[PDB]
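Consider the single chain below, provided in structure tokens and representing the form deposited in one PDB entry.
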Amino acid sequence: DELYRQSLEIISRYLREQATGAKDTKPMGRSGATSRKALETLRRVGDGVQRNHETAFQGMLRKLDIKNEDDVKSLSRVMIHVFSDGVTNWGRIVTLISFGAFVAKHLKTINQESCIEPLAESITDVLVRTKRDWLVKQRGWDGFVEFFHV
């Protein structure tokens, strides 16, 4: 599925940059331009979210106690609770991805980089499976870039 592939690639790469610190040099899939401009959007908006809410993010991380790969399904359950009111918007989506990056940095420092890709896949799975038609109607990652453009 093209939507799942592109979403996972953007989220996989963003979570991997935040934990490791290096950008991935390898070329993207078929999207290309849209995936790059979504990552620039994620680096601008997502890094700001993590810095301006570091107090809240650090407290959430300690009480969620993300240790191994079976704790990684906990953020997918948090996503379901986030959306349980029926509201979907880009601000919630970018915030969940930024907390995923915040968790990914912590996984590297506790020697669990093993868990980062499973985290990115479950974040992408919930996003794409539960909100596919919303994403398509918002023009996917092109609308995500358009929403956070200034």
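By rigid core we mean the largest C-alpha set that fits within 1.5 Å across both forms. Each residue number is its position in the shown sequence, starting from 1. Only residues modelled in both forms are compared.
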Checklist line | 22 to 30 versus 86 to 94 - which carries the larger mean C-alpha B factor in the record | finding: 22 to 30
Next item on the list: Determine, for stretches 120 to 128 and 66 to 74, which one has the higher mean CA B-factor as deposited.
Entry: 66 to 74
Notebook entry, point to check: Looking at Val45, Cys115, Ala101, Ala56, which has the highest Cα B-factor in the entry?
Noted result: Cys115
Item checked: B-factor third for the C-alpha atom of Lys108 within its chain -> highest
Margin query: Could you place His81 in the lowest, middle or highest third of its chain by Cα temperature factor, using the values in the record?
Written below: lowest
Check: Of the three thirds of its chain by CA temperature factor, lowest, middle or highest, which one includes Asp133?
Finding: lowest
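What comes next is about the form deposited in another entry, which does not appear here.
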Check: Once you line up the core, how about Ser84: does its CA shift reach 2 Å between the shown form and the other one?
Finding: yes
Next item on the list: Using a rigid core alignment, state whether the CA of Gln58 is displaced by 2 Å or more between the shown form and the other one.
Entry: no
Check: Any chance the CA of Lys67 moves 2 angstroms or more between the shown form and the other one, core superposed?
Finding: yes
Next item on the list: Look at the CA atoms of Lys37 and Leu75: state whether they lie closer or farther apart in the other entry than in this form, given a difference of 3 Å or more.
Entry: farther
Next item on the list: Would you mind telling me if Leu75 and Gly46 are closer or farther apart in the other entry than in the shown form, C-alpha to C-alpha, with a 3 Å or larger change?
Entry: farther
Notebook entry, point to check: Considering only residues present in both forms, which runs of at least 3 consecutive residues have all C-alphas displaced by 2 Å or more between the shown form and the other one after core superposition?
Noted result: 66 to 86
